[PDB]
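Chains as they are written, first to last, in the entry's author numbering: chain H, 1 to 128, 137 to 219; chain L, 2 to 216.
Every residue gets a Cβ at the ideal spot worked out from N, C-alpha and C, and that includes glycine.
Shown next as structure tokens:
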């Protein structure tokens with residue numbers, strides 16, 4: 001069976017470089033091109049270039065010209081892709097694929113480009137059936153847990169999956185739908201916990217004062 | 002040159018669906034080299050059709066490809082649940098041919114009634130603004146299929162800078178949730194008459210708006 005095996009996942013700081021390998025088996029490596037493609041999380045496939053495994057001749061996508069290198073070592077049926085001066089938006093799964101038709105793909109190599117380190121969140125009230141909530145900003149890494157009224161309020165609670173920002177930090181929001189009649193009498197407190205930074209925040213959410 | 006695909010397509014089990022891939026007369030209109038790839042979550046793409054209409058050995062005859070003018074099309078007949086995946090069109094890449102992929106199309110095989118999103122837009126809090134920061138929060142939930150387009154406006158003008166949007170993720174009820182955040186300075190928030198979150202689902206766009214003042 002045709003297979004392309006790629007090197008392991010890496011995390012690099014902005015400005016660094018990454019070199020991904022792609023080793024072929026199950027066919028004669030020099031009989032087909034090797035194409036390189038990447039895919040940012042939740043985004044589409046983006047072509048990077050092609051290498052001819054016989055000569056080593058290359059074609060680089062305009063977007064990467066100047067900082068992408070493709071080479072091959074035919075003695076071990078391996079193609080390499082090195083991407084330099086990494087940016088946060090180079091975070092992606094990098095794939096190699098066989099031939100002009102990309103008829104077999106490697107399993108992919110995840111490369112994350114980040115300088116993020118452990119950081120606790122800043123919590124803000126989202127003032128208000138009525139919808140009220142808590143904005144949990146700029147924490148790293150996951151997870152954050154959110155409870156309402158120390159666990160007393162569970163019905164109508166929706167804690168959204170986090171957004172992983174271009175800064176490398178996460179943010180999330182937790183919202184609760186409550187009867188609008190209770191706003192003036194019921195106290196609403198979200199309890200945010202970020203175990204990696206040992207941060208716990210209790211934030212009271214007051215109704216948006218009339219006048 | 003770019004290849005344009007619909008962002009999302011859907012159909013019920015047993016039905017037939019078509020995914021389009023539009024290029025120009027110089028690419029799709031000139032060569033029989035358009036290919037289609039299927040990609041399941043967390044998996045590498047798989048070649049389904051190559052050379053516009055050819056199937057690799059082992060690919061179900063339920064998948065077929067065609068082309069008319071500058072548009073190549075993938076057709077899937079007898080939809081099965083396993084067909085739910087993202088699909089990309091692309092061109093042959095090698096020699097004198099430079100590669101290009103279409104933006105992808107999410108295919109949903111309908112397992113429940115289609116459901117419009119519930120959208121809530123929150124302005125920056127008094128606390129955040131006091132801290133010299135400002136974030137607009139657009140929360141999108143209970144939608145099906147799990148595909149949305151989120152855009153932001155400053156008054157009536159589009160704004161792209163400072164936008165962070167999640168990809169939809171499945172909720173416990175098999176409907177989807179997504180969220181979008183617009184970061185501004187407190188001055189940008191107070192200098193505009195309004196900011197809007199626009200959510201498009203299945204060709205239906207709802208726009209939520211918040212203003213820094215009551216008058």
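- Item | Distance between residue 108 (chain H) and residue 21 (chain L) (C-alpha atoms, nearest Å) | 27 Å
- Three-state class that DSSP yields for residue 25 (chain H) in the structure shown: strand
- Message: Considering only the alpha carbon of each residue, which of H:201, H:146, H:61, H:12 lies closest to residue 92 (chain H)?
- Response: H:12
- Consider the C-beta atom of residue 114 (chain L) and the heavy atoms of the ligand NAD; say whether any pair is separated by less than 7 Å. The ligand NAD is not among the ligands present in this structure, which contains no ligands whatsoever.
- Between which two residues does the alpha helix (DSSP H) harbouring residue 159 (chain L) extend? Counting along the chain, residue 159 (chain L) falls outside any alpha helix (DSSP H), though it belongs to the beta strand (DSSP E) covering 158-160.
- Query: Beta-carbon of residue 60 (chain L) versus every beta-carbon of chain B: anything under 8 Å?
  - Reply: Reference to chain B is not applicable here, since the protein chains of this structure are H and L.
- Proximal residues of chain L, C-beta to C-beta of residue 35 (chain H) below 8 Å: 94, 95, 100
- Item | Selected residue, minimal CA-CA separation from residue 182 (chain L), among L:46, L:24, L:141 | L:141
- Query: Can you list the residues of chain L that residue 44 (chain H) reaches, using a CB-CB cut of under 7 Å?
  - Reply: 89, 102, 104, 105
- Nearest neighbour of residue 114 (chain L), chosen from L:144, L:211, L:2 [CA to CA]: L:144
- Quick one: measure Cβ to Cβ for residue 197 (chain L) and residue 210 (chain L), integer angstroms, because I've assumed they're closer than 8 Å. 5 Å
- Quick one: grab the DSSP three-state call for residue 125 (chain H). strand
- Step through the CB atoms of chain L and report whether any lies within less than 8 Å of the CB of residue 134 (chain H). The model of chain H omits the segment between 128 and 137, and residue 134 (chain H) is among the residues lacking coordinates.
- Item | Per-residue contacts from residue 145 (chain L) into chain H (C-beta, under 9 Å) | Going along chain H, no residue has its Cβ under 9 Å from residue 145 (chain L), so there is no contact; the nearest lies around 16 Å.
- Task: Go through its chain and collect everything with a Cβ distance to residue 30 (chain L)'s Cβ below 8 Å, but skip five positions before and after it.
- Result: 24, 70, 71
- Message: Just to confirm, is the Cβ distance from residue 185 (chain L) to residue 102 (chain L) under 8 Å?
- Response: no
- Taking the continuous alpha helix (DSSP H) assigned at residue 127 (chain L), which residues delimit it? 127-131
- According to DSSP, which residues form a beta bridge with residue 46 (chain H)? H:38
- At least one CB of chain L closer than 8 Å to the CB of residue 179 (chain H): is that the case? yes
- Task: Determine, using beta-carbon pairs with one atom in the segment 121-133 of chain L and one in the segment 117-127 of chain H, whether at least three such pairs fall under 8 Å.
- Result: yes
- Message: Against residue 147 (chain H), what residues of chain L qualify as contacts under a CB-to-CB distance less than 8 Å, listed in chain order?
- Response: None at all; the shortest Cβ gap to chain L is about 14 Å.
- Message: So, with DSSP's three-state summary, where would you put residue 61 (chain H)?
- Response: coil
- Please compile the residues from chain L whose C-beta is within a distance smaller than 7 Å of the C-beta of residue 124 (chain H). 126, 128, 129
- Count the other CB atoms within 10 Å of the CB of residue 100 (chain L); is the residue buried (16 or more) or exposed (fewer)? buried
- Message: Count Cβ pairs between the segment 96-110 of chain H and the segment 150-163 of chain H that sit closer than 8 Å; are there 3 or more?
- Response: no
- Item | Residue(s) in a DSSP beta bridge with residue 199 (chain H) | H:155, H:210
- Query: Given a limit of 9 Å on CB to CB distance, which residues of the segment 9-43 of chain L reach chain H?
  - Reply: 34, 36, 38, 40
- Task: Closer than 6 Å by C-beta to residue 190 (chain L): which residues in its own chain qualify, once you throw out the five before and the five after it? Chain order, please.
- Result: 125, 135, 213
- Of all Cβ atoms in chain H, is any one closer than 8 Å to the Cβ of residue 51 (chain L)? yes
- Give every residue of the same chain whose Cβ lies closer than 6 Å to the Cβ of residue 1 (chain L), excluding the five residues on either side of it in the sequence, and list them in chain order. In this structure chain L extends from 2 to 216, so residue 1 (chain L) is not present and cannot be described.
- Query: Candidates H:214, H:179, H:202, H:178: which alpha carbon is nearest residue 190 (chain H)'s?
  - Reply: H:214
- Query: Leaving out the 5 sequence neighbours to the left and right, which residues in its chain are closer than 6 Å to residue 120 (chain L) when beta-carbon positions are compared?
  - Reply: 141, 200, 207, 209
- Message: Within 8 Å of any Cβ in chain L, is that where the Cβ of residue 29 (chain H) sits?
- Response: no
- Pull up the DSSP beta-bridge partners for residue 37 (chain L), would you. L:50, L:90
- Task: Using three-state DSSP, classify residue 74 (chain H) as helix, strand or coil.
- Result: helix
- Message: Any beta carbon from chain L within less than 8 Å of residue 114 (chain H)'s own beta carbon?
- Response: no
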